[PDB]
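Overview (structure and organization)
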Amino acid sequence: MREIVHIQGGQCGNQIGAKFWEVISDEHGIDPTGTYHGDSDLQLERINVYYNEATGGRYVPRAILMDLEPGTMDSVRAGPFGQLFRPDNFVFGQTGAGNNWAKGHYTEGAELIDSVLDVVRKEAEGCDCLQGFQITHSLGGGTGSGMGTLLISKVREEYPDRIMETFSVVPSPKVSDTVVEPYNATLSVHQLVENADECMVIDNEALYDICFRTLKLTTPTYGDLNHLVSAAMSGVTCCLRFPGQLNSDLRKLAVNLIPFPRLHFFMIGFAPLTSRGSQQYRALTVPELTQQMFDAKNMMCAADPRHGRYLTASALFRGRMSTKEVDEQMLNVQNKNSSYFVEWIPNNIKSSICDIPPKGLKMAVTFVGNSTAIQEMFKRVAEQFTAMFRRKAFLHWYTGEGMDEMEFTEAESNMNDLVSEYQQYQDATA
Amino acid sequence: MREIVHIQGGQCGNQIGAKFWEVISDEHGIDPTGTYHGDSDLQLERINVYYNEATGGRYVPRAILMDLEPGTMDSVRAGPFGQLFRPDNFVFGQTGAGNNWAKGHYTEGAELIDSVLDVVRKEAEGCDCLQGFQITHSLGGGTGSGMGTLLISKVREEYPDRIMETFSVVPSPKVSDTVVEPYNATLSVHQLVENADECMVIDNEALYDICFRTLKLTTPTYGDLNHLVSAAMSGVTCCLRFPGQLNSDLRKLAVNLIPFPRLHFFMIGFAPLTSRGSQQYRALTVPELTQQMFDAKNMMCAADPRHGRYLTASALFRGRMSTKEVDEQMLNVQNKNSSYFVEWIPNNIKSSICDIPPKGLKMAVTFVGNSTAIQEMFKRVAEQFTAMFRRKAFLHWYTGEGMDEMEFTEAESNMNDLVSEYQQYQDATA
Amino acid sequence: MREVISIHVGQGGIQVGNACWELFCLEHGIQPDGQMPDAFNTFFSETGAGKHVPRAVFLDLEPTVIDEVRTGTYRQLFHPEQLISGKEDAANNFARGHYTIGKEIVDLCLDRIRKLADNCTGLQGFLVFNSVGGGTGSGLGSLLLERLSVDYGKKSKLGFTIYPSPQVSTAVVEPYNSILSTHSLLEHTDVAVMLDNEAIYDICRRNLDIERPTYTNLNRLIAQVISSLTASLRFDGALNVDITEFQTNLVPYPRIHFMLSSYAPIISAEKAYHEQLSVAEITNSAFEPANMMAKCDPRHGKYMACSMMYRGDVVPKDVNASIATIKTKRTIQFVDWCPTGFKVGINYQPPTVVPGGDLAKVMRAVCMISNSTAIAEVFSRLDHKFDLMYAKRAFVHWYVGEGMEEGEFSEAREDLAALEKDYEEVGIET
Amino acid sequence: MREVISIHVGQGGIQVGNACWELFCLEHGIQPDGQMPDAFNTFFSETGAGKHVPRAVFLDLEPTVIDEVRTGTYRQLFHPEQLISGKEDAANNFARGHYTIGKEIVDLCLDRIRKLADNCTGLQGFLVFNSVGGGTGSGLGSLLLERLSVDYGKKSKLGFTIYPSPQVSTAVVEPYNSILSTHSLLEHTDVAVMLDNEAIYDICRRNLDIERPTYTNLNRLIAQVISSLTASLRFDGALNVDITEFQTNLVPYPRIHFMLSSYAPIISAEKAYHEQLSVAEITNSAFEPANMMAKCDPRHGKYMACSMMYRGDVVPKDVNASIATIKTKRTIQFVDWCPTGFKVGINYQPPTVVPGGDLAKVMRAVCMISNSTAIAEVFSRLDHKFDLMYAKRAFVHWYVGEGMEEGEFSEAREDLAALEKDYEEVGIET
Amino acid sequence: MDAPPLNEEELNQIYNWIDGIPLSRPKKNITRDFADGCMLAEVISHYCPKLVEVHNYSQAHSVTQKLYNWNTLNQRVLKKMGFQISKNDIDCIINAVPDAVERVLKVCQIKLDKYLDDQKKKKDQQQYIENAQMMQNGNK
Ligand SMILES: Nc1nc2c(ncn2[C@@H]2O[C@H](COP(=O)(O)OP(=O)(O)OP(=O)(O)O)[C@@H](O)[C@H]2O)c(=O)[nH]1
Ligand SMILES: Nc1nc2c(ncn2[C@@H]2O[C@H](COP(=O)(O)OP(=O)(O)OP(=O)(O)O)[C@@H](O)[C@H]2O)c(=O)[nH]1
Ligand SMILES: Nc1nc2c(ncn2[C@@H]2O[C@H](COP(=O)(O)OP(=O)(O)O)[C@@H](O)[C@H]2O)c(=O)[nH]1
Ligand SMILES: Nc1nc2c(ncn2[C@@H]2O[C@H](COP(=O)(O)OP(=O)(O)O)[C@@H](O)[C@H]2O)c(=O)[nH]1
Ligand SMILES: [Mg+2]
Ligand SMILES: [Mg+2]
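Residues numbered from 1 in each chain as written, not as in the entry; some residues may be left out. Chains lettered and ligands numbered in written order. Part of a larger assembly, values for the part shown. Heavy atoms only, no water.

Per the deposition metadata, cryo-EM was the technique used to determine this entry, at a resolution of 3.7 Å.

Structure (structure tokens):
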């Protein structure tokens, strides 16, 4: 019951999913052949959340994979746990977008999306009670940031009451791999605010910083960043698949973390994270988890959370632990940092406890906090956008496929209005 | 003495009888070879009601099986307890009706019916004191709804003083298996009201609803619906085959449940019904039986009995129990629901007690109530009939075998008049 | 005591007859020699000791296909003198096979039909197969139907004609004889089923994943459809359907008897067992417009009546629960004067697999025969193709010189115009 | 012939119901299977032979907790179909569980309540448990109370609500639904008992010497309080008290029925037996402000009436000699218009111990239910918390979009202002 | 259909006319929102519900499905109103070429008004004939 379907688009989203599904399968004891080989009874009670049942007793994820080029899905199939995905759900084009947002949203993405919407509708109509959808995509690419966001609007138009999740990677100015990143980032943020019920920003720069400083491993690769993102993704829905002292589905988090409908851009972080050589030194206790949870360097975004004030915060503890300690520590982390918490909403930290810890760990915490410090990312994105747009650089590529500069002006104005009205509440006082 | 003969027609009626006779044989301890192996003396005292005696000490049912095609009777013979039926009573044609009422009532059914009437006359003339006949057939088929109803008129013309029972399955609009159901349903209801002394409607939709909600079994089949119908059928004549505190034959029910000669369409229900997993939780008491007996979902028809007022009601308790409790509970079920009982006839519930319970159960109840809520079924049947007839759809099949549209108009008018005059008494006040 | 005779005329008819006769022999356990190493009686006859003889006759004027049949592995099965063969082919000329060379052969075929019919005692009806876009096929089919309609009268005849594709065509003159044959069988055949090749090519490509199909793959699917249609006559089932029970359920008016079929599931063994093949999903797939066995869009017209057959371990309640879902959908709408339009049949025998074929072994299957208003498009496009060449009287000299009159082309055009007007007149709401 | 029905709604309600139902089964000697290896009749019912069924019903929209109950050791105890469960959680939204999803579930709960009530003959009243700071708990509790107040009328209902702590909180939006639920139960519940978690945490820490408590330790103390309250109905005592004998002794005015409880002694077996546990010292400990079961200071307000229950071998003269000492003390002052304010009950059965629990076995215990003027502080602080966020209309969109009107928030504020004014008006001397 | 470019006043009249119609979806960009032919089918169905089976026109992002919807509308509906759209104009509309849909909407408006007037005249004439026949049968 109350299950969700998985939809991913683009190369970055496909690579994120290729590790997210591996993590989920390892958590539930599903072999790469789809056969259950788990140890505990609880591993099968709520498997309908992510997995479907077919004849022969094997399980198949309800994931939908889409891209405008076939290479990435032809590569993910040969990887481990690549056989679980149903071949029918693979939809792809023969041309690609070339990191051009217009091509992936107006000319090519519009004709292809009917086929993927057909299978999306097939998956949603069938399921017992829908909880919602979760979306993984990147804002630095053309086909992803175009087709995914148009699909968001199409899904929202047909299921207005369901919940919608988006895990979005925004292009940081530090590690830049594409010159046309500001254009399709700014165009995508315009559409994303209007339809997504929840959005979670993730930055490659913050992932590299975490890998270099906390884990202290010499050579980070995309596999480590994907593993961290996958652990963070799994931590959110853990209590929906396992029993606990205070169950809290996604809708309950939506109620408690979004004060106003347009303020739904969160930054997350996962604890504990320790190096291989120091994993024996540390002792896992609730104070040790909560001190690392609110650490500024532990956030999955380069945004500095002590440059603003938290509107609200959430924590999803895992493992068996006493609730009194959790509540007193949450109170203590809020009394010692009163300057960084907005004062006109008292008791702005939500907590939840799940009795099933991750495989290999005795305690774990997932942190989701809505803070005013996120304005800095939109500020720098808009700064680069307005630095590049004033000369109409690279504009002809977009304008040759039916798009105009008016949609750029409206997007810039709406993004600046969002930036302004997000900080409006930072200076608000009672 | 006061015995009855069994006559069944069509595939549905044959399948109902194939379980009714199994239930009767299991109740009387008759093996599928016709040899008595019972335990109690009472099992043989009144066996002449349904079974005849032949040389060699074996027993043979006095059933007559008729159909326009040989397949169903060639199949029922190979089933359990299929050898009991006398081979001489099997009468069949070589053509069939094809769900066409005209073919099964005017052209083909008229020539064949002489042979079956010969054996019917042989069976009735011989028996000690006739009580009457009971008929099982379906209104959704051509050969059944035609030949059975014409046989009803032929039997009534020769035995005007005997009693006549009909257990009729009417086509519900929810679970429809034949497109021409309204035509032969409407044509059959016209003839059925004029000749049948009692009629009991049964719906497949209500049987599926009961099986899914009360018994809570995963996969219903026709065997379960047949078993429920068979238990309900056996419950009516139980006190005529066994001793009891207040014996009540079929004629006594006919006197007490039919206020006016044209209002003889009842809906029935059987209690108790419990799931396999909850059969140990429940305790069988008279209040528990009577609360389930008047339950709306327990009726064998989709008609909602709290949408109208009962003209009268009947209950046939089984097992050894105190009469004072039965009478006080009947009074209580009538004082707490005075709004759903017509006020110009006081004390409109009949009760009877039989000391022999069903095999395996300690108490059982069969409910037969004449209510005004049955109008809804004829309303929807006539609605579909008039929706299909206005375009003369499928009319040529019927009109090519000597029938005309005038008999359709008269049937529709008489059915609507029945619907109107059945509800006329619902608004009547004293 | 129930029999049916199948007529195969023309190259396409013989090549689909071969396809159905491997399947029947395999399904009843009869070896290709005709020897077994009581259900066979529908298609076969017992010779007294040993072999079985099919109740089929093969017709063709061109001897190559019959000679191929008489030397293959099935040389011992068919009676030597029921494979009637000519010497000179009609060469795609309709007038040849209706006026010149077919008349001298038709007498032998009628003598064979009489000799086969005198053996049967419970003859249900005739089956006929003929590819319409050929001379001998269409002409001899027309002549045989016209002779049978007067020799026997009210016996039912079913025609599995293969109309040409919308754009794909093998000949250049097939619209002429297609229109003439439609004229001939419009007033002479009780049921006609659409079978154009393009739709089945698309089905094979999409589901069976064969990129280079041949005619055998098409004929095997047609044979499976025939077996599903006639299973109810030779196997035990909970809800039986006879051939004569069709014109009372699918044919609203005598003129309208062209309907299009579909089958589900169609899947290969390489990916069949990964999914559960529930009844709901197969009955959803059967109603998909892309799975129609004729290249027509049902979304362009209303439905009139749907007759759909199940076989396997399906339970009636699951069938009803799926008919309700289809009635719910907004993309499928029925005609106003038809409240219920479904006729349901359930059989227990699962479909049989042919070794070396395409389809895998499954426990559930569904075959639908649906009559819809959208069929008028094929008539309109065939009429448009006919008019283009009949404007200049092209290819007419090949027909006038074979005994046919000049005016015979016009009246077929008038009958098609009448049929198209009738289809429009029926589909309007009251 | 005296009965009581307990209602458990929400996660906290179900988790405290489990806690009380181990204790009752242990106290009456009933094994977890429900089988004994005349006092049980207050909480249980006899099934005729063998097992006992609790007079309790479990409600929740989120299925995890009920599924945990239905698989534990107590799976055989509760009737399978009185554990009503939903599919979608309210997610801390009050408007959801009062207007959107609770309405479709409330009918089944009311049917179960009727089916349980018809069995009882001497129904004393209802008990209800619900954690206030949640969506489904508060909303469904409000709706059930509102339905029961009109279905039954004058029957007494008791509410053991758990209000949020002054500063410790798990959610961020709980003041809104706490205020709304207080509005709802102010005019609908006869008794409300305060149960916030912080005070019980302090009790455990100080007396039980547990530094890491969990929810089970809190729920066991609550269960002990419930058992002490209801002991007088099922055990012989020198001075009995009934539930109906409360509004005549603790409720001066219809509006004022919120009171706070305390329990004594609370001590572990490691140091319990070193001291004599006289009645005087336990009745002194019960009146200590630090041993209040709700975090309120009684020194800040007057007392109105004290109802306090003893159990064990206590003698009335020792009770009187201790009431005199309390009247002597200058730090405890009663209201002017109440000369005597004590109601005393004495029972003989000592409190029962749960194996593996915290509390030890003792021969004397005291439970007090005291109504005091100091309770207004919790209302004032909840009101202050509510006003801060309602000034800017934060989180209101999550409630307006679930069918609730804009003005519904204001009238709850007005009713709280009225209650606070009433508490001030009552506490002034004449 | 080589119709001249519309002036600003004519464009405003077409937009006001389309806004007066209760369509299933709110309009944001007329050129894009009509490119699938579904909204034109709804517009015609509002005035002529028996002329247009709106369920035959599925919402479409693909060029192939837009072209199917437009060809179906052009052959089954517009032809009965006494006009047809050219293939080139359909290709301009499906590609959301500026002014392409507005020209088609103008032609459709004029043809719709004329079609409604001709349907009214046929009803009035039929009612006159039926009334005249009833007066002759009353004398018989
Ligand atoms: N489905 C199917 N259609 C076939 C097959 N063989 C031929 N046809 C169709 O039949 C049409 C022409 O008629 P044929 O059956 O080939 O020839 P004919 O009916 O014997 O007529 P003649 O040319 O005079 O011999 C072609 O347009 C084909 O589409 C076949 O094996 N399967
Ligand atoms: N004393 C006690 N309080 C609890 C317990 N569990 C939850 N609570 C309180 O309940 C409040 C929230 O309501 P819950 O009971 O957890 O959830 P709910 O009532 O089912 O409402 P939903 O969130 O919609 O499911 C929290 O603030 C907790 O203080 C418990 O086991 N014991
Ligand atoms: N975490 C992670 N990020 C990736 C990976 N591959 C690419 N990216 C990020 O994705 C961005 C490029 O996105 P792109 O591949 O063009 O998206 P597309 O246009 O939808 O295919 C780069 O800035 C990378 O930082 C990966 O394997 N893991
Ligand atoms: N209870 C029950 N109903 C059946 C069974 N078989 C068929 N029916 C019902 O009978 C109807 C069809 O009647 P039909 O077989 O055509 O009657 P016939 O024309 O006399 O043979 C269907 O709507 C089914 O619901 C069965 O085995 N049990
Ligand atoms: Mg040939
Ligand atoms: Mg909950």
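Alright, that's what it looks like, and here's the rest.
1. Points about the interface of chain D and chain A
Definition in use: Contacts: residue pairs with any heavy atoms within 4.5 Å of one another. Defined here as a combined quantity, buried area equals the accessible surface (1.4 Å probe) lost by two parts on assembly, summed across both. For this analysis, a salt bridge means a side-chain nitrogen from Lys or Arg found within 4 Å of a carboxyl oxygen belonging to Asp or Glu.
Taken residue by residue, the interface counts 40 residues in chain D and 42 residues in chain A. Between chain D and chain A, roughly 3900 Å² of surface is buried when both sides are summed, and carbon and sulfur atoms account for 54% of that area. The largest per-residue losses of area from chain D upon contact with chain A belong to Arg212(D), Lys392(D) and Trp398(D), which jointly make up 17% of the total buried on that side. Connecting chain D to chain A are 2 salt bridges.

2. Considerations on the site of ligand 1
All names here are of chain C. Stated formally: We call a residue near a given molecule or strand whenever any one of its heavy atoms falls within 4 Å of it. Under this definition, polar contacts are N or O atom pairs within 3.5 Å; protein pairs additionally need one hydrogen-donor-capable and one acceptor-capable atom, and for neighbouring residues in sequence, both atoms have to be side-chain atoms. Only the protein chains shown count as covering a residue, and every accessible area follows the Shrake-Rupley method with a 1.4 Å probe.
By nearness alone, 18 residues border ligand 1, and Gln-11, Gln-15, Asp-89, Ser-131 and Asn-197 come closest of all. The backbone of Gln-11 places a nitrogen or oxygen atom 3.0 Å from an oxygen atom of ligand 1. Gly-135 has a polar backbone atom sitting 3.4 Å from an oxygen atom of ligand 1. Contact with the protein chains covers 88% of the free accessible surface of ligand 1, which is 630 Å².

3. Regarding the pairing of strand β8 (residues 198-202) of chain B
All names here are of chain B. This is how it is decided: Exposure is judged per residue with a 1.4 Å probe applied to protein chains only, and the accessible area is read against the type maximum: over 50% gives exposed, under 20% gives buried, and values in between give partly exposed. Secondary structure counts use DSSP, requiring at least four H or I residues in a row for a helix and at least two E residues in a row for a strand, with both numbered from the N terminus. A pair of strands is considered paired only if DSSP assigns at least 2 bridges between the two. Consider the strands pointing away from the viewer: the crossover is right-handed when the path from the first strand over the helix to the second runs clockwise.
Burial within β8 is extensive, with 5 of its 5 residues counted as buried. Where strand β7 (residues 163-169) lies against β8, 5 bridges are found, and the strand directions are parallel. Note that in β8 the partner of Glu-165 across the bridge is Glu-198. A crossover connection joins β7 to the parallel β8 through helix α6 (residues 181-195); in handedness this β-α-β unit is right-handed. Relative to strand β9 (residues 265-271), β8 is paired through 2 bridges, and the arrangement is parallel. Looking across to β9, one finds that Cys-199 is bridged to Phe-265.

4. A closer look at the domain arrangement of chain C
All names here are of chain C. Counted only if it meets this: Where each domain begins and ends follows an automated or database-derived domain assignment. Residue polarity follows a fixed list, in which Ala, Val, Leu, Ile, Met, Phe, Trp, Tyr, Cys and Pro are nonpolar, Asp, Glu, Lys and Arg are charged, and the others, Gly among them, are polar.
Here chain C is described as being made up of domain 1 (3-258) and domain 2 (259-377). Once you take the C-alpha centre of each, domain 1 and domain 2 turn out to be 23 Å apart. Every contact between the two is made by 42 residues of domain 1 and, on the other side, 37 residues of domain 2. Where domain 1 abuts domain 2, roughly 3900 Å² becomes buried across the two surfaces, and 65% of that area is made up of carbon and sulfur atoms. One can count 3 salt bridges joining domain 1 with domain 2. Inspection of the region where domain 1 meets domain 2 yields 12 residue pairs in polar contact. Mapped by element, the contributors of at least two residues to the side of domain 1 that touches domain 2 are α1 (10-27), β8 (191-194), α7 (197-208) and α8 (215-230). Among the elements that line the side of domain 1 that touches domain 2, the one with the most residues is α7, at 8 residues. Class assignment for the residues of the side of domain 1 that touches domain 2 results in 25 nonpolar, 9 polar and 8 charged.

5. Structural notes on the site of ligand 4
Close to ligand 4 lie 14 residues; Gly10(B), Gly144(B), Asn204(B), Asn226(B) and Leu239(C) are nearest. Here an oxygen atom of ligand 4 and a side-chain polar atom of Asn204(B) are 2.7 Å apart. Calculation on ligand 4 without its partners gives an accessible area of 590 Å², and the protein chains cover 92% of this total. Contributing elements (two or more residues each) for the shell around ligand 4: α1 (10-28), α5 (142-158) and α8 (222-236) of chain B. Split by residue class, the shell around ligand 4 holds 4 nonpolar, 10 polar and no charged.

6. Focus: the pattern of salt bridges
In total, this model carries 68 salt bridges over all chains according to the counting rule given. A salt bridge links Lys317(C) to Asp318(C), with the nearest nitrogen and oxygen atoms 3.5 Å apart. We note a salt bridge from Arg255(D) to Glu187(D), for which the minimum N-O separation is 2.7 Å. Pair noted here: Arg255(D) is in the loop between α8 (215-230) and β9 (258-264) and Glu187(D) is in the loop between α6 (174-186) and β8 (191-194), with a separation of 68 residues, a long-range link. Residue class for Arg255(D) comes out partly exposed when judged on its relative accessible area of 22%. Several salt bridges converge on common partners, so that one network encompasses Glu27(A), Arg241(A) and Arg318(A).

7. Overview of unusual backbone geometry
For residues besides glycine, phi is generally negative; the peptide bonds are generally trans as well. Across the junction of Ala271(B) and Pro272(B), the peptide omega takes the value 0°, indicating a cis bond. Here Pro272(B) is to be found in the loop between β9 and α11 (286-293). Cis rather than trans, the peptide bond between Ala264(C) and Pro265(C) has omega equal to -5°. You can see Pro265(C) is positioned in the loop between β9 (258-264) and α9 (269-272).

8. Some thoughts on the arrangement of the chains
When the 6 pairs of chains in contact are ranked by number of contacts, first place goes to chains A and D. There is a clear gap between chain A and chain B: no contact, and 17 Å between their nearest C-alpha atoms. For the non-touching pair chain B and chain E, the nearest C-alpha separation works out to 18 Å.

9. Quick look at the sheet that holds strand β7 (residues 156-162) of chain D
All names here are of chain D. Filter applied, for reference: Here an axis means a line fitted to C-alpha atoms, over the contact stretch when the element is a helix, while the angle between two N-to-C directions is reported on a 0 to 180 degree scale.
Within the open sheet, the 10 strands sit side by side as β5-β4-β1-β6-β7-β8-β9-β12-β10-β11. Their pairing is mixed. The outermost strands of the open sheet, each flanked by one partner alone, are β5 (83-85) and β11 (342-347). Taken over all neighbouring pairs, the strand axes of this sheet differ in orientation by 20° on average, direction set aside. Sheet analysis places strand β4 (residues 56-60) next to β5, joined by 3 bridges and oriented parallel. Within β5, the residue paired with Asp-60 across the bridge is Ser-85. Strand contacts of helix α11 (residues 316-328): β10 (303-312) and β11, with the helix running at about 150° to β11, the strand carrying the most contacts.

10. Quick look at the UniProt feature "active site" in chain C
Definition in use: UniProt positions are given in the numbering used here, feature names are shortened, and annotations may be inferred rather than shown by experiment.
The positions UniProt marks with the feature "active site" are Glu245(C). Note on placement: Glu245(C) falls in the loop between α8 and β9. With residues up to four places along the chain from it excluded, the contact list for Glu245(C) reads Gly98(B), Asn99(B), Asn240(C) and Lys343(C).

11. Some thoughts on the packing of aromatic side chains
What counts here: Any two rings among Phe, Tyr and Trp, with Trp reduced to its six-membered ring, count as a pair given centres within 6.5 Å; such a pair is stacked if its planes are under 30 degrees apart, edge-to-face if over 60, and tilted if neither. Placement of a charge over a ring requires the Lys NZ or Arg CZ to be within 6 Å of the ring centre, with the centre-to-atom vector within 35 degrees of the ring normal.
The tally for this structure, following the rule as stated, stands at 82 aromatic pairs over all chains. Pairing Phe385(A) with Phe408(A) gives two aromatic rings, centres 5.9 Å apart and planes at 25°, and the pair type is stacked. Taken together, the residues span a long stretch of sequence, with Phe385(A) in helix α13 (residues 375-389) and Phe408(A) in helix α15 (residues 405-424) at a distance of 23 residues. A relative accessible area of 1% places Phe408(A) in the buried class. Between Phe258(C) and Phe379(C), the aromatic rings sit 5.5 Å apart at their centres with planes inclined by 80°, giving edge-to-face as the arrangement. Of the two residues, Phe258(C) sits in strand β9 while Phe379(C) sits in helix α12 (residues 376-390), which places them 121 residues apart along the sequence. The class of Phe258(C) is buried, set by a relative accessible area of 0%. What makes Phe379(C) buried here is its relative accessible area of 4%. Taken together, the ring pairs in this structure connect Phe20(A), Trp21(A), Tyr50(A), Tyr51(A), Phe85(A) and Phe90(A) into an aromatic cluster. Over the aromatic face of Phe334(D) sits the side chain of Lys327(D), whose NZ or CZ is 5.8 Å from the ring centroid.

12. Observations regarding the interface of chain C and chain B
Between chain C and chain B, the residue contacts involve 37 residues of the former and 36 residues of the latter. Interface area for chain C against chain B, summed over the two sides, is near 3400 Å², with a carbon-plus-sulfur share of 55%. Our count for the chain C to chain B interface comes out at 1 salt bridge. Here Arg391(B) makes a salt bridge to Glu425(C), at a shortest N to O gap of 3.6 Å. Linking chain C with chain B are 17 residue pairs in polar contact, by the criterion used here.

13. Structural notes on the side chain of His79(D)
Along the chain, the position of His79(D) falls in the loop between α2 (64-69) and β5. With a relative accessible area of 15%, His79(D) lands in the buried category. Setting aside chain neighbours within four positions, we find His79(D) in contact with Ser278(B), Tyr281(B) and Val53(D).

14. Here we look at the UniProt feature "domain: Calponin-homology (CH)" (unreviewed entry) in chain E
Under the feature "domain: Calponin-homology (CH)" (unreviewed entry), the UniProt entry names residues 8-116 of chain E. Within the segment residues 8-116 of chain E, helix and strand shares are 60% and 0% respectively, and the terminal C-alpha atoms sit 27 Å apart.

15. Some words on the nonpolar core
Put simply, the rule reads: Nonpolar cores are built from buried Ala, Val, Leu, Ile, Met, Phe, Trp, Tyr and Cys residues. Side-chain atoms within 4.5 Å join them into one set.
By size, the foremost hydrophobic cluster in this structure holds 150 residues, and its most contacted members are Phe258(D), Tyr399(D) and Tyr423(D). For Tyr399(D), the residues in contact, after removing those within four places along its chain, are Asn92(D), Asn93(D), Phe94(D), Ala95(D), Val173(D), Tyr176(D), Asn177(D), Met404(D) and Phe409(D). Grouped together as the second largest cluster of nonpolar side chains are 135 residues, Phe385(B), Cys109(C), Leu148(C) and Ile203(C) included.

16. Re the UniProt feature "binding site: Mg(2+)" in chain C
Residue and element names in this part refer to chain C. Mapped onto this numbering, the UniProt entry gives "binding site: Mg(2+)" at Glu-62. In this fold, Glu-62 is placed in the loop between β4 (56-60) and α2 (64-69). Note on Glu-62: relative accessible area 25%, which makes it partly exposed.

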